[PDB]
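Right, one structure below, let's go through it.
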Number of protein chains: 4
Amino acid sequence: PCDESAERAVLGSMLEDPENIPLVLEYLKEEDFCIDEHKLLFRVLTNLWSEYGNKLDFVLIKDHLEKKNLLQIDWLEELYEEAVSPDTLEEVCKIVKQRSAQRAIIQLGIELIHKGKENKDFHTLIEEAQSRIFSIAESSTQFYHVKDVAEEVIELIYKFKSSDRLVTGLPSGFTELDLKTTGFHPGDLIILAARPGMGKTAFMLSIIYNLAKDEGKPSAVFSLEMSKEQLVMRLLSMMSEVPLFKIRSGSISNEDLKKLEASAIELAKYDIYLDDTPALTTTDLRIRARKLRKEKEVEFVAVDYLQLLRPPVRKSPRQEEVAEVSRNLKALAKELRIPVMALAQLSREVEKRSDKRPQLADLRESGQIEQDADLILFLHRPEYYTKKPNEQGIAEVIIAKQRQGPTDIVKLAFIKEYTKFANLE
Amino acid sequence: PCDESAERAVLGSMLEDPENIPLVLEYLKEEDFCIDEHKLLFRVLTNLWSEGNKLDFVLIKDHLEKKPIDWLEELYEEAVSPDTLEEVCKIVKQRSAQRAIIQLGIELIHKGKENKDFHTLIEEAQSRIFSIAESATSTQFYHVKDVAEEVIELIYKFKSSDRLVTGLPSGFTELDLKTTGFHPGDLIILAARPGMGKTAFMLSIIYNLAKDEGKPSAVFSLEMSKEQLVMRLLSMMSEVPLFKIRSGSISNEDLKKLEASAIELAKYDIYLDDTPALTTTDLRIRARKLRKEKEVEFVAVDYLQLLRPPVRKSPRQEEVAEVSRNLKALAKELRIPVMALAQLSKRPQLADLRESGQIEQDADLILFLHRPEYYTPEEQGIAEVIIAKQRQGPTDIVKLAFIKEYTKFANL
Amino acid sequence: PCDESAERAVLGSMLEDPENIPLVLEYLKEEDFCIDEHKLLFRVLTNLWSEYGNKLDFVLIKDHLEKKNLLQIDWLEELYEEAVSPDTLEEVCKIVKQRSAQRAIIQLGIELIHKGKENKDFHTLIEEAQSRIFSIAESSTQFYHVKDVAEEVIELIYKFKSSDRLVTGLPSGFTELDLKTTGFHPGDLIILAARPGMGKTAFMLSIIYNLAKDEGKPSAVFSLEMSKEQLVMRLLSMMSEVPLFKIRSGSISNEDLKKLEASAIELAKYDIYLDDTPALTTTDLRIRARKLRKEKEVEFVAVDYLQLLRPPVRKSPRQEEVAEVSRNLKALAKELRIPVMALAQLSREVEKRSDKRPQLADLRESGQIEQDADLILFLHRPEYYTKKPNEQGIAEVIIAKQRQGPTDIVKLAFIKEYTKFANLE
Amino acid sequence: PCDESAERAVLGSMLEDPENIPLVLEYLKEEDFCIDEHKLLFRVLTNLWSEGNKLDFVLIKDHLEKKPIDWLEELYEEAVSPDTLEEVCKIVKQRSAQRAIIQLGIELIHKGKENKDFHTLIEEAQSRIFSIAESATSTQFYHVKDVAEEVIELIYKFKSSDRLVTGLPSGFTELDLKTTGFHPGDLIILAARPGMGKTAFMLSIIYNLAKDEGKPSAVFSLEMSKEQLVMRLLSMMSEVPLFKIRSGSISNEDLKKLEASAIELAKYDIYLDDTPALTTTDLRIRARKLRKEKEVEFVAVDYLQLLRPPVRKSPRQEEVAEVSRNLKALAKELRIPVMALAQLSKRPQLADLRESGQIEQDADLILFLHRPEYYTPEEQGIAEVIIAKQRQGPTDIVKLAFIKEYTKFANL
Ligand SMILES: Nc1ncnc2c1ncn2[C@@H]1O[C@H](COP(=O)(O)OP(=O)(O)O)[C@@H](O)[C@H]1O
Ligand SMILES: Nc1ncnc2c1ncn2[C@@H]1O[C@H](COP(=O)(O)OP(=O)(O)O)[C@@H](O)[C@H]1O
Ligand SMILES: Nc1ncnc2c1ncn2[C@@H]1O[C@H](COP(=O)(O)OP(=O)(O)O)[C@@H](O)[C@H]1O
Ligand SMILES: Nc1ncnc2c1ncn2[C@@H]1O[C@H](COP(=O)(O)OP(=O)(O)O)[C@@H](O)[C@H]1O
Ligand SMILES: [Mg+2]
Ligand SMILES: [Mg+2]
Ligand SMILES: [Mg+2]
Ligand SMILES: [Mg+2]
Ligand SMILES: [Sr+2]
Ligand SMILES: [Sr+2]
């Protein structure tokens, strides 16, 4: 009817890292604990976290205990030992919650029988039972009346009205796309989806370069696909307009080198953070993105690419794993209050159709990703298909999903040599 | 917890006077009696009314001929005054109500004892608590006599009402004409290709419902944020295009319109929950509470494929079909119409929907949306609402106006 | 090697509700219990249930304990507390049985080694081992010789011979179908299967109406699809011949109302019980059907419809769940000793064939339902398909499975307006 | 538990006289000896018989040339009288039998210790107990010499028998002619579309088997009740149509015929189990006991798809194929022919059966039933039995008569 070993880890994980506390607070409340010992500890830490926030210590906790007189400590240290990982922490919180809910239900049953054996009004008992089951149901996210939501929406309209910006939110750097898309707003998820070799990795690089150079803003990229050196080397080729194949092959002119050196200096000026760790769990990416957001102030985060990410617990069907990863990414974007852009790859059936450009259906094949991506961009290169079209050297960016406006298409220039996207005229 | 003597006196009093029996029949029924012998005598006495009204001891014998005469005569000796009787009838009912509660208590303990996801346990616990609260009896079967009378009263109400529609109106006159309306306990499915304006059509329905019918509604938006959704509706009301809103391109004339729309919308009662992925069980639990607390007469879910079952099924279609069944069960339980939106992979037809996991079989009403201008020609400003399935019978089509910029539906 | 917590619940569940005892008796025997304490309790209750049957109390049990002197009681009350649900009861009985069987096997092994170390005849030991494993195997349903079965069959033939009935068993109300089908016999499962909108819900209503009116017999319907009000409202339309669409729309003439009122009076005369609970588990339906059979005496039960029912434990493939539900329904029909009729829906592929009528294969698509349904009926409306056939207003009932006779087809009249089936001429 | 000296004397006695060795060879074999040295000397001595019959010490040396001579001479000194020898041979065998039992005991403990469904544990426990009981030795391998002699004896029995059929006859002469018959340890599959009379054909087989061959049979009827099935057979015997039986339409002349058929059927030994859904493991356990207790020489299962494996498999075909393998294993273990009926989704052919989960590969014999009148013409009263697969080789077809009303099969 209860599990202590579980509660032990919940309290312990809260002791070692304070940040863990809120996470537990979302999952649990003081009274899912069977032990009064634990309910007190849950209470004091819950209060302590708000007052001291992140910098909560063990000596500081001890001093607070002494002032209260609540304390009489080795046990606390033992609990600290018992600390468990964030993923396991979520797991043990869940099992604690289920036991608690089970206890609560059985208790209601016991009471109703007792009340029933005694003589009381039927209406009173059932209404209270309704209230009690409602309370158990509440213990999480609730319903919102339109009046409260309306007030926040109006405030958002005010901020848009009061802005001096041609494009609200972070600009992409590509004028026609940037105008019709209205930009990248804080807390939304953007999806750049294209077939392999369509230049989405390059497009990401163009975006982050344009952001750092023109807007003077820092960005972060998790590159699961290519190493940080390859990413930077490609970027230098984009800046200096020295062909990438020559750089990698090792054939360069002294004049070409000086151009590359200068490009390196200018790039060093810009603030850009790279993580090339090959396969990250959503939990891993979340942790890294959190701290990177705190230490460095990043207004944009790119993940390349989506399919390379994996859930903390693997499932058998592929689609559920993707859909889960997507759902987390959107959750992260909101949490960080910055735009998050995830890249995605398209399956073979895209090119089996006579149109040869991407469609919404092609993305579905990967899962129910679309449901919460606030903007969806496709990349297409007809040229990719063959030599012949006299068109070539051009690439088209399709705007499959917008919250603001209708479906539209934007044509831009793409130079295969330097792997650089540029505005047409 | 029942009394043989307290109710036993009810039977005696019924034997003595045949005018006593309708009085007890009003207060209590056969199920409330603890003893089979009392229930049986209660049964025959109630049935005695139809087919001699006042023969007080020889129809008793007559009933015995087709079916303890000394014993009932002993019961005859035990009887009480009519003022006495109402009191003892009340105590018989409460003891019966007591049993129902105790039974519920035992069941609730059992549920806790079982092994299920706690959400499931909470969901199943709510259903039993609500059913017993409504019925006052553990048993859910109803004799047709009781149902028939209630139906007749309902028929009176339908006749005496000025139609329009006996069910909840969409706000669109012609569609509302072909459909009886949205009745309590049925599932309505709005299915269309992406960008056909089904999300907007839902907003139009709930808005028209709130303003004209003064009725509360609930929307579960799995796709777009509660904030995102609301701006939409404000855009529909004030007729200011979303692109202008966001761009910062708007003017003061635009604003005040948006503010007024915000005030007007705040007047209406509409509840929103945006949870990115809901299980059907979560949704019923939440809708369960929302129906009790705020009394919402309509529920919209956007959209269907975003929902998932408590236990995952294979591969897809069965999982989606499972969701449909759950929503239907929700509509039945909450006794309100529930509308779920669905996405589709010339016009659209039923076959296209079947590829999506065969929802058509569990649905009481199916609506499609089609916008010929979206495919792109010929002069047009219109979008058509198709009815694939109606419990009544015929498939029919309703045109309506659609404004691309405001994403607003209107009667022609 | 054993589980007490399990045995605790088995005894407890028997204490609170006597009816639970036989269920346990089917699953378990006195000696699957590791505790002598439990074996005594199992023994006394097993004996007690037969003598007192359903009305077995706690004071009465205590008095019996005292007369025996077996008793010396708080523990018994604690056991009563420990009572578990019917579904869980089945689950814990299973785990008790497995431990018991495991113990039994290991014991045989121990003995054989002991016997082996000692000097005994090989033939004697192995034969006894064969006997012992046979006993474990027995502890459930056995083989029946044809001689015993023949005697019961002959008795059934006698009852058919000695009957004054044109149709033995419950009549359907439709003369041609009723004659060739020979009727609905006690303890068999009938399946009415048709595509959505083919009028099976209406056909059920016709059957139950005809039963109550003509034969003066009570019936029960579990309507998972439509509410009790909708079901009754439709039925009133069938009786009064007032079109259903007018009733629901609210357009009626005072003359039409009086007809409806009279129909309500006549319907109130008939005994029909309705349960509109939306999704029932097989366990739920079984419990309700049991008590409804005991309190009210119902000779017919209809379930509309099959796919809406669900097993106590959900499985991943759909077909296994259906097949399980079917299997339970047949088991219920036998148990209740009354005919049980379940309605089933047919998938899209029925109308993808040029014949456009249902076939046995169409039903298979839903699972191995057919294996035990004692009669299978299909409904077909060619008219449903289009206006044109000059035929219309007619519906055909196909007799796919019969135990008595060959495959046959019966044509009947169907009025779309009133949603009523009627005999043709 | 063996004795070096007790058996050691057996070896000595074999050294002394070459007429002693066939006496011990009759009682015991090489496996019964505890020591490798004894087994090896036993081996060479047994093989010494074929290729000098009576050289008592120099073939010993001869065997040593191609392969402890002082030691065996010590064994030579230890020997005993021929009456003595039979006794010590008996004790060697029993100690050996002892070991087999103890080994079985250890294994049985292990099985209990493992984690499986208890039915599985009981099934696996039975198989080991039966094999050791039959073999008297833990090991199941047999040298071909022993098998060859048994085969030869069997060949004698086949030759000296008046055929007809060396295997179990169906009752239908021409079919029985083309098939050797139903032999012990093989799987026969009767596959046909619904209503082709495969259930009836089975009843005809088991009836003809019981009446003429005086042999017991077992049927697992998963589809129809034991009562339902039996009436059928009574209908077949008395030639009274089922529709008349049930309708109450029958006459006294009909009855007595049914009663006589009931008496005649009661004379025959036939065992029925109707369990709606059986696992294959349950079926073997039950058939295991039924074969031992009542000694049934034939088993029929109606029908195949209704069976299910101990562990569920995906999606379907593999699950069904698994069932086939299990039944084959059952036929092998019980050493009797096992016949399973199957349903099919011009004539019917092997391809149609393969769609059903590829049973053809595990089956020793495959029979199809076809009734051209059922499809409906031309004058006809006949149904054909097709052989798709025979271990011998050729596919062939056998006509037979079929009476629609009695559902009865007969020779033309
Ligand atoms: N190292 C390289 N050398 C030469 N051309 C390249 C190189 N990398 C990419 N390209 C060209 O430019 C495009 C770059 O796209 P890429 O970076 O592969 O995006 P994605 O990750 O979507 O495949 C490719 O289509 C290819 O034609
Ligand atoms: N500013 C605009 N100009 C033109 N069309 C627009 C504008 N804003 C929205 N739309 C159109 O309105 C439609 C909204 O449909 P929506 O309700 O989102 O459909 P669904 O519910 O299927 O997602 C989109 O198809 C979009 O093309
Ligand atoms: N409320 C109604 N109003 C008008 N016609 C109806 C109504 N309900 C059913 N019908 C007609 O009569 C038939 C009733 O069948 P229905 O009750 O839907 O059985 P099922 O459950 O098999 O679909 C339908 O085919 C339809 O044409
Ligand atoms: N009274 C009857 N009149 C005509 N045909 C009948 C009668 N009774 C049974 N039959 C036929 O006999 C056949 C019985 O076949 P059956 O052994 O059940 O086949 P299966 O084993 O494939 O189920 C059915 O096809 C049925 O049509
Ligand atoms: Mg890439
Ligand atoms: Mg939408
Ligand atoms: Mg229906
Ligand atoms: Mg059959
Ligand atoms: Sr109290
Ligand atoms: Sr001993």
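Identifiers for the structure tokens are assigned positionally: chains receive A, B, ... in sequence, residues are indexed from 1 per chain, and ligands are indexed from 1 in the order shown.
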
Find the residues of chain A that sit at most 8 Å from ligand 9; for each, write down the nearest two atoms and how far apart they are in Å, to one decimal. Count only C-alpha atoms and all ligand atoms. Sort by chain, then by number going up, and give it as CSV.
residue,atom,partner,partner_atom_place_in_ligand_line,distance
A:114,CA,ligand 9,1 (Sr),6.3
A:115,CA,ligand 9,1 (Sr),6.2
A:118,CA,ligand 9,1 (Sr),6.6

Go ahead and save the residues from that selection, with C-alpha atoms, as an mmCIF file, in the first residue's frame.
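File selection-v8.cif, as written:
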data_model
loop_
_atom_site.group_PDB
_atom_site.id
_atom_site.type_symbol
_atom_site.label_atom_id
_atom_site.label_comp_id
_atom_site.auth_asym_id
_atom_site.auth_seq_id
_atom_site.Cartn_x
_atom_site.Cartn_y
_atom_site.Cartn_z
ATOM 1 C CA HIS A 114 -18.035 3.762 7.995
ATOM 2 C CA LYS A 115 -20.285 6.704 7.111
ATOM 3 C CA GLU A 118 -23.612 5.143 10.577
#

When the cut-off is 7 Å and you count only C-alpha atoms and all ligand atoms, which residues lie near ligand 4, shown as a list in words?
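Residues satisfying the distance criterion: residues 404, 405, 406 and 407 of chain C; 192, 193, 194, 195, 196, 197, 198, 199, 200, 201, 241, 242, 243, 404, 405, 406 and 407 of chain D.
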
What is the distance, in Å and to one decimal place, between atom CA of residue 154 of chain B and atom CA of residue 21 of chain B?
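According to the coordinates, atom CA of residue 154 of chain B and atom CA of residue 21 of chain B are separated by 26.8 Å.
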
Of the candidates B:259, B:355, B:333, B:223, which one gets nearest to ligand 2 if we count only C-alpha atoms and all ligand atoms?
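Using only C-alpha atoms and all ligand atoms, ligand 2 sits closest to B:223.
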
Assign secondary structure with DSSP using the backbone only, and return the residues of segment 187-334 of chain B in alpha helix (DSSP H) as JSON, numbers by chain.
{"B": [198, 199, 200, 201, 202, 203, 204, 205, 206, 207, 208, 209, 210, 211, 212, 226, 227, 228, 229, 230, 231, 232, 233, 234, 235, 236, 237, 238, 242, 243, 244, 245, 246, 247, 252, 253, 254, 255, 256, 257, 258, 259, 260, 261, 262, 263, 264, 265, 266, 267, 280, 281, 282, 283, 284, 285, 286, 287, 288, 289, 290, 291, 292, 293, 317, 318, 319, 320, 321, 322, 323, 324, 325, 326, 327, 328, 329, 330, 331, 332, 333, 334]}
